[PDB]
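Undergrad: quick one, structure for this:
(chains A, B and C)
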Amino acid sequence: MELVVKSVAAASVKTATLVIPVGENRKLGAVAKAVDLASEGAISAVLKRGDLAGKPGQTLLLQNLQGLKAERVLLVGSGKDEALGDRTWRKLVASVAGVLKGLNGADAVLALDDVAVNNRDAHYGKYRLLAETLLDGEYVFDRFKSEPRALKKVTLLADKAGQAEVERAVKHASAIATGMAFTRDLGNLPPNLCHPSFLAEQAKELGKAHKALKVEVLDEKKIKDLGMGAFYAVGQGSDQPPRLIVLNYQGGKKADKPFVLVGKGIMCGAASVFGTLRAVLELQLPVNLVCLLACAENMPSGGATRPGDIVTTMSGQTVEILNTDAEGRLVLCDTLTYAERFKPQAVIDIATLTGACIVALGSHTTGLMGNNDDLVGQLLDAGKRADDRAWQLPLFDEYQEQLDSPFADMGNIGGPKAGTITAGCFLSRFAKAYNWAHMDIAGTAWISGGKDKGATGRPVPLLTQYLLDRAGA
Amino acid sequence: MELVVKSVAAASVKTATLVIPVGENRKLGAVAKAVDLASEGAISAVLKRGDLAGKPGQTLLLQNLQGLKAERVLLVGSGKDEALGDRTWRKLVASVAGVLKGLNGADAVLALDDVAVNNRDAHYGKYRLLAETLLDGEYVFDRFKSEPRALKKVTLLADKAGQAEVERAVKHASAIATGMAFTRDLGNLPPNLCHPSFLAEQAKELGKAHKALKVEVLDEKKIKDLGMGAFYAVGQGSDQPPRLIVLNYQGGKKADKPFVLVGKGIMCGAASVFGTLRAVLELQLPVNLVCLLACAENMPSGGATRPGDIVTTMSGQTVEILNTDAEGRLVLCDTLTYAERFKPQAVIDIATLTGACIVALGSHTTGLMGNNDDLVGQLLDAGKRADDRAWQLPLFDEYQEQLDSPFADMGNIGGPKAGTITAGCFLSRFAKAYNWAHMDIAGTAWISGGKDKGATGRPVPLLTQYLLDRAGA
Amino acid sequence: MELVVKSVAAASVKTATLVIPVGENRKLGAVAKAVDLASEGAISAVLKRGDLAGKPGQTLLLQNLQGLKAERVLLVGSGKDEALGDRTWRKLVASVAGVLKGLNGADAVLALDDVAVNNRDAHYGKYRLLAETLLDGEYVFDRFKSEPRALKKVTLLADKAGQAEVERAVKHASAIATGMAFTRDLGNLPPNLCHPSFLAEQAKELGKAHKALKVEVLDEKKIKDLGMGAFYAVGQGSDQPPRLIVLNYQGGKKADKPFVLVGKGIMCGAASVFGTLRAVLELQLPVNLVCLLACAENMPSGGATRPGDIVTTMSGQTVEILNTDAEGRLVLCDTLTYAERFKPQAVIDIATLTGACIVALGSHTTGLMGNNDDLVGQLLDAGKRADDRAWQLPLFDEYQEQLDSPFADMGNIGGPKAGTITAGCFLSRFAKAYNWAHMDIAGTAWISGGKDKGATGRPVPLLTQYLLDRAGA
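TA: Numbering: from 1, shown residues only, chains lettered A, B, ... in the order given. And now the structure:
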């Protein structure tokens, strides 16, 4: 779908469908009133019949009206006068998109300037959320199913003053949504096909397509020979061997320290790193970004790791693997040591790490921990502006003893209490060299059931926003 | 909702909303084509734009069209050029009703004569299903919540020849839907209000309202004094005492044997008997119908029955109560002995009796067992014609040993194998005096939830259809 | 054991043991009275002492009596005058066989003509059940244990009119019992020894021994190369590879369409196919019978299929393998596609498929589903005449949605409700090309515990009866 911005009057634009908002009590803002007047009162005449109460997202679709150049006018409820919160605004946009998807119209014009969104400026933040909802909602994953939609273009109308800010919002939302689609395809792919070697092929192909990107893949023997005893212990059980994939984007000055993203690829952590990199390549951000994808397949077999095994991590710390299903933190901890070589200014790991995070923060909010208050605050602020929120949990020292082992430097589990925090605590012991934060996306990376089951693409908006903020874009 | 039938031309009829069907490829049957012609090709013109693909239940709502008397036209998809099955036809009607309930029109006209429904005649069977779906779909249970709908009347258009048969379908569906509303309200009432004494007061109120109905309520001491040891044992643990409620409707000839319906009232079995009785009263069927509601509340306490207790049933047979959660069969078996006094031609018990029936037949199909093939077959056929299906399970003699007790004449459980059948087998030992069937509605009596959730109307259409069949209506 | 039929008088026959029935109240039928008279009243004299009450199966064994040529006379209770049901009649026959097994007599004569069996003619159906019980009860499986019985021959006496029908019963029961023994040996063999390659060797050996039989075995690579993605996914986890074994018996006319039996061989479904084929070869039935044994071993390992895998079946439909323990339907669905090539007049799959069938129909009755009402009725009638009963469950379309997947054409599980039906529903989607039925023998193929633990040989009597019915034998 092409997204464009114009500043011409809504009533003047030739289009298959013009979309205008209508509030409760059939209240029309200035944009809607101008279109009603161009229609000689035809829109207000239908509204007086009472079929559209105006609650957010309710719709009434009209056919060809004399006086307008639109073939159809879609009226969409904007609710009470109050400014809308982010969820209501995105639900209104998705309700519009739903109707448009079902029509045989080749384009549409959205004339929603009058809709206020709480705490967001009328041109950039409001349209960041509309454009991301509109483009992410085009996603289809029908590869394994045994009809192309008519809608190819949407025009957003804004006043001439606000045009460049709406265009900037569209540019950034398009990059985010393209990244998200990549993340959602990799997550949705079934595990027979999406294994560590497939991810390594996807990264080598992405490297060949981008000048400023260099890709290295470390295979099982290299992981073992680097001393990555925890990462090797997770992968050994499977016939599909592990891969540590490095993707190094040099978009900054040569002596700028890079941002490092570490993704758990057992694999929506790794997928969100690929998606954020794809967004950064689209935007050509002027940062140095090193992506480390820690990929393995955790399977039972006659050569698998067994509860009670003790391994030497790359750092030299030993770990008692009490539970082989606490495996993400094992491939992560060796990859955090590996990240030291880049001399980074921030290292952020993203992982579907704990069922306990779903108990603490559910499906709405990603769990965030770290060793640096400024980096944690930057990620929280990014999530608020991107509408991809996180929330900090504490790594107080009192939780660390839960990982003590009588035999090794630490165990990999902390017991039933504070499970998201003790996993963060485990990882912190490998992150002391640099400013680090950990994002547990076990609750926000996918939808379990319904027809909406499948990957969400989170946290590509928060990560891409954080890197826009560091680039000063 | 008032529901009436007319045989006037659709384009001629004054109404807030006219509903007509459109097939795939914008194909119009005779009725729709006539309204298109009256509209001066307005309906075809909009169809050519392609917003309505015409899959079953899809919709497109038009406003005032020149040449018609209807204020609005709703187009609804009827699919390809082949007859619909019951489920698809009922879903189409519910789609139409959903749109109408959201509009501010005080009436609507359905002109859906051209839609064929597989194995249902165009006047009676087709409209039994439409009218019940429409009328049951109006149900609201908002009494415990802290806006009435505009739609007050629907007119169905049929040709002059079929009018009386559509009217007879509306008469029968209206009685069924009014019975189902009563059933659903009693099921959805919470248990601190809907206890056995409440149901006794419901029955006594119904007895006052109706001439041919006599109601007697037997209290705990009566049940104990009649020797109903198994029914007494279920109720004794609660502070709410049990009631056996008798409602006797003498609509037949004096010497005609009655049909007896026995409902488990622990309580949707008993509620479906109340709702079938309310439909029979509305229809004034010329049958003798005796309803026996076996009502108790099964609670833990210091005076409750305890696993291993042995009781003497009214029949004199002893039962070892191995599980106190197999309680519905205990109140039922004594009520089946009580039913012998009526010298019935059929005794049907209805009960939410086994989780095993949900494992066997799920949410769609009621489990059915009996001692008389003709009666079982009459109930199956009634279910097919009412679109409230059941399915027989065998009461082979080989299952009876699973009830053996070393101490008593039987135990009340049969173990983990064949649990719906062994409950039927237990009840069959009390039904040998008469032609008997048992309906296990544990899967079909409510939605659980889902996200929209509550009692079904489910016993009522089959049972009402069986009594229309016996009354030769 | 040799089974023969004669029509001479019971008292005249030289034998180690003559067996006669005695009813309650010491009532003697005409055959028993004639033997009493030949013994000069010695049998009635012992009976007046009261040790034998005559309940079915009770026994009294006499020694050498003057006047008879039998060395011993066994009196067996036949109960009250009523005709016996099938179970009681078979239990009486097994009680006789029990005594005979313990004696050092080389032969025995059964003179049980007077015993009536409910709904069975005195010569064919009555003796079908006696002869099958007598010969199946000879079964021994002592291969893995670290004494040969004296009884080598039994003569059944009947009147000369009925001799040829009793002989026909014996011929058909012997074929069934021989088939059953083969089925019971393959089921009883332990899984270390009985793996898919062993079954393939058993089928190639059976092919070499029968002129009208051709055997082909498809190995793992052939299964994969045919596109059988579901069958290959089940077997891949194990070190023992899968086999699809084809056994084609051409006993009919060349242009007669064959009957196809599909057996799950994970393996009593496959075993019952081998046993039914062995019975058909013994009888030289004039039908074309193609047997397809879908054999694999379902094991965990580092290369096993994992919940969430998506595979392409031979048909091109894709399946999401939600649960790797729903594996029978996976090897079956690709074998049902394979069966299309034979252009069959009936395809029947037999499988130990669901624990839910044991909840629905227990150990007594096999679950039956299909897409053709005539074939389902034929199998039900066969099971009633063979005393190997089945019972139909419905494949209503409403159960099909339980298999929907958001990613693939279907999932392989339907949830906790209606599990036997949803497995049938899954299979039906691969059976549309032909008349098909599915037999779930999870409850009837073996006895779990006791000393009687082990395979039953069911449903070889129902399947062999169905093929006798189609041959017109």
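Undergrad: for chain B, what's the nearest residue on the stretch 151-300 of chain A?
TA: Closest approach between the stretch 151-300 of chain A and chain B, counting by Cβ to the nearest Cβ: residue A:151, at 11.9 Å. In this view, the C-beta of every residue, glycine as well, is placed from N, C-alpha and C.
Undergrad: pretty sure that residue sits against residue A:105.
TA: Yes. Assessed by Cβ atoms under 8 Å, residue A:151 is found in contact with residue A:105 at 6.3 Å.
Undergrad: skipping adjacent residues, who's closest to residue A:403 in space?
TA: Using Cβ to Cβ, 6 or more residues apart in numbering or on different chains and skipping the chain neighbours, the partner closest in space to residue A:403 is residue A:410 (4.5 Å).
Undergrad: wait, that neighbour sits on residue A:428?
TA: No. Because the distance of 10.9 Å does not satisfy Cβ under 8 Å, residue A:410 is recorded as not touching residue A:428.
Undergrad: count the neighbours of whatever residue of the stretch 251-400 of chain A ends up closest to chain C for me.
TA: Per Cβ to the nearest Cβ, the residue of the stretch 251-400 of chain A with the smallest distance to chain C is residue A:301, at 3.2 Å. Using other Cβ atoms under 10 Å in any protein chain shown as the criterion, residue A:301 is surrounded by 16 other residues.
Undergrad: and what of residue A:192?
TA: 17.
Undergrad: need the contact list for it.
TA: Listed by Cβ atoms under 8 Å, 6 or more residues apart in numbering or on different chains, the contact set of residue A:192 reads C:305-306, C:309-311.
Undergrad: mind redoing it with 7 Å?
TA: With contact taken as Cβ atoms under 7 Å, 6 or more residues apart in numbering or on different chains, residue A:192 is in contact with C:309-310.
Undergrad: circling back: name the element the nearest residue in space to the residue of the stretch 151-300 of chain A closest to chain B that is not next to it in sequence belongs to?
TA: In space, and not counting its chain neighbours, residue A:151 is closest to residue A:100: 5.2 Å by Cβ to Cβ, 6+ apart. Secondary structure assignment for residue A:100, by DSSP states H and E: helix A:86-102.
Undergrad: just list what the helix or strand that comes right after that helix packs against, helices and strands only.
TA: Remark: after helix A:86-102, the chain's next helix or strand is strand A:107-110, criterion DSSP H and E. Here strand A:107-110 is seen to pack against strand A:18-23, strand A:153-157 when contacts are counted using 3 or more Cβ pairs under 7 Å, 6 or more residues apart in numbering or on different chains; DSSP states H and E.
Undergrad: which residues touch strand A:107-110?
TA: Against strand A:107-110 from outside (Cβ under 7 Å, 6+ apart): A:10, A:13, A:15-19, A:70, A:100, A:151-157.
Undergrad: now do the SS call for the residue of the stretch 151-300 of chain A closest to chain B.
TA: coil (DSSP: H, G, I helix; E, B strand; the rest coil).
Undergrad: count the residues that sit near it.
TA: Once other Cβ under 10 Å is used to define contacts, residue A:151 is seen to have 22 neighbours.
Undergrad: thinking it is in contact with residue A:99, fair?
TA: No. In this structure, residue A:151 is not within contact of residue A:99 by Cβ atoms under 7 Å, at 10.3 Å.
Undergrad: which positions in the stretch 101-250 of chain A make contact with chain B?
TA: Applying Cβ under 7 Å from any Cβ of the partner chain, we find that the stretch 101-250 of chain A lies next to chain B at A:102-104.
Undergrad: tell me the one among these nearest to residue B:240.
TA: Of all those, the one with the least separation from residue B:240 (Cβ to Cβ) is residue A:102, at 53.2 Å.
Undergrad: correct me if wrong: the residue nearest to residue A:151 contacts residue A:149.
TA: No. Contact criterion Cβ under 7 Å: residue A:100 and residue A:149 do not qualify, at 8.4 Å.
Undergrad: determine the set of other helices and strands touching the longest helix seen in chain A.
TA: Using DSSP state H to define each element, chain A has its longest helix at helix A:163-188. Here helix A:163-188 touches strand A:2-6, helix A:124-136, helix A:268-283, strand A:454-455, helix A:460-471, going by 3+ Cβ pairs under 7 Å, 6+ apart.
Undergrad: any idea of the angle it forms with strand A:2-6?
TA: Between helix A:163-188 and strand A:2-6, the angle comes out at 160 degrees (axes from the mean of the first three to the mean of the last three Cα atoms, to 10 degrees).
Undergrad: now helix A:163-188 and helix A:268-283, what's the angle there?
TA: 150 degrees.
Undergrad: distance from the chain centre to helix A:163-188, please.
TA: 9 Å (Cα atoms, centre = their mean, to the nearest Å).
Undergrad: for the helix or strand following it, packing partners?
TA: Next helix or strand after helix A:163-188 toward the C-terminus (DSSP H and E): helix A:196-208. Packed against helix A:196-208 by the contact rule (3+ Cβ pairs under 7 Å, 6+ apart) you find strand A:213-218, strand A:243-250, strand A:288-295.
Undergrad: buried stuff in stretch A:30-46?
TA: Judged by neighbour count using 16 or more other Cβ atoms under 10 Å in any protein chain shown, the buried positions of stretch A:30-46 are A:31-32, A:34-36, A:38-39, A:42-44, A:46.
Undergrad: contacts only, for the closest residue to residue A:314 other than its chain neighbours.
TA: Nearest residue to residue A:314 in three dimensions, chain neighbours excluded: residue A:337, at 4.1 Å (Cβ to Cβ, 6+ apart). By Cβ under 7 Å, 6+ apart, residue A:337 lies in contact with A:313-315, A:430.
Undergrad: next one: residue A:337 from residue A:437, what distance?
TA: Here the criterion is Cβ to Cβ, to the nearest Å. By it, residue A:337 lies 17 Å from residue A:437.
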